[PDB]
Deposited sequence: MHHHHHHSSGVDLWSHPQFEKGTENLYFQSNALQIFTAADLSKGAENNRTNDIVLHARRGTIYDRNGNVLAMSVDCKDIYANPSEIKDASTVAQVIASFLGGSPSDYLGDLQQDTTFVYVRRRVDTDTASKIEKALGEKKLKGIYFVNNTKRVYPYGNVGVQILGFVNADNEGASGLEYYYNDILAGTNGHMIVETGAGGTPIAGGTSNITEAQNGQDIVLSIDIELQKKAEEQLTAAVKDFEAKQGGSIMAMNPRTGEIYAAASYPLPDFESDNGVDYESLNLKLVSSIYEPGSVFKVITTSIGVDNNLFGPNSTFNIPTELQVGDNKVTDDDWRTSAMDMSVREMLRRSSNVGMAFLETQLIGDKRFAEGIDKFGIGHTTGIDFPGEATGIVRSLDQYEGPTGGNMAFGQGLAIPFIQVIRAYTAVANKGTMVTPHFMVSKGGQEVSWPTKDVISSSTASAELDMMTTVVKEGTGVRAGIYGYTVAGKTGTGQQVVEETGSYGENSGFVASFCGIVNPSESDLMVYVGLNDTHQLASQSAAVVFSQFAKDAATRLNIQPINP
């Protein structure tokens, strides 16, 4: 004769206080109700029939969201309901992120979907985030956030890390100019740029970034940085380390340590080849450039039990280096491959990338690996309020015509929705 008094799980609020998930006895059982339907459910996760969090934040914070049931046996013990959680997510921005990512995947023929995220580079709070395919009502693979749990060869979006390391080590600056050949031998393979020249070009570090020269990056790493300082910087930037994001399934990635480097490793990694990491690591690294040199922890939960949590930060580069990098990322958007990411009335510092799909458990790939088109940008970098990432997986269209285009529209909407006026 032991009756269960079912506790209710804690409520999940978005940043404006909208209820995203709440438990109800209309189930005797309890069930979650998601008022905005499928919007943000990928982040929220689902709760199964045993009322256990099964994916997303429901799972990640299940021990605090789940209460403790009561029991009626002449003896009664109280149900303790779970603790409420407030997230950084702006539900209306989440809806746009989802619809824009879905439309982009369709328009640019991204055969393996993509991801999108808007975050505050100073506090680390995530305003919106999504991966395609998205779930509804259910395919278990759509419950992951690809940004966190899938790994890719990052490609050219990584060049901001390589230049930051050099600059922060005082080995060159934006205007430093070098005679860059058409190709360079790295290990036993040649590095080349897809371009017009048939001769070496004198290019400043700023220019190598503007045009995204792989050859220039490999030159910088091999002739100026050196593998040791390179590998130390990668490590300081958190590359190959989990970011600490509060979401399940975070991949650490596959990144060679210095003692495992071989002939071509450093040169290739300089332009984002020879490692495979989740894009959340790239995003996290960019926060250092956007936040005066301090890298933050991307995250969803702002408060639990009315207790605001402190999230770890790390000083990676100086503010001067961060400023020189932002200056160059601004050239990318004003004068280079990122020009379609520009947004009328705002300053956008960013970088395009062409990355690759990889064998998930090894980080390598063959001839038919699909390309990943990415764009990562910071809006009004002096305000420290917004950075957005857009990635399209297995598309044939260049990041300059695809991911950068999606960013201009979504980052604009993120900026209107938030404080950001210009």
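- Counting the deposited sequence from 1, the stretches lacking C-alpha coordinates are 1-50, 78-147, 194-207, 272-276, 562-564.
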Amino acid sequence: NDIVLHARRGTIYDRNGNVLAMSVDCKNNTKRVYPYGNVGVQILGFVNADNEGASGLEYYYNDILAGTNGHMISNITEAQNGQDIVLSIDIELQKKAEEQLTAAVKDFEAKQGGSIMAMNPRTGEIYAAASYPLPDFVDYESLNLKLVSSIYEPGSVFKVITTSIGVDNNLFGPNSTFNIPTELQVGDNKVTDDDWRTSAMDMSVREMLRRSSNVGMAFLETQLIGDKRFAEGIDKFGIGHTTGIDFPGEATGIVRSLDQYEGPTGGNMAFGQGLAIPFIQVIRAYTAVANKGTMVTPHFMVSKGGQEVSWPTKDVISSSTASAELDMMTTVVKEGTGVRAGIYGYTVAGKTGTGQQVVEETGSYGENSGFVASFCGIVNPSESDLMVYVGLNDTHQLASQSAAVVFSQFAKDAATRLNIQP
From here on, numbers count along this sequence of modelled residues.
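- For the pair 117-125 and 304-312, the mean Cα B-factor is higher in 304-312.
- In this entry, 29-37 has the higher mean Cα B-factor, the comparison being between 29-37 and 375-383.
- Highest C-alpha temperature factor among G67, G56, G363, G353 per the entry: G67.
- Out of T242, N189, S204, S212, it is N189 whose C-alpha atom has the highest B-factor in the PDB entry.
- Ranked against the other modelled residues of its chain, the C-alpha B-factor of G155 as given in the entry falls in the lowest third.
- Among all modelled residues in its chain, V24 ranks in the highest third by Cα B-factor.
- Residue-level temperature factors show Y132 in the middle third of its chain, judged at the C-alpha atom.
- Among the modelled residues of its chain, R284 has a C-alpha B-factor that falls in the lowest third according to the deposited record.
- When the modelled residues of the chain are ordered by C-alpha B-factor, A79 sits in the highest third.
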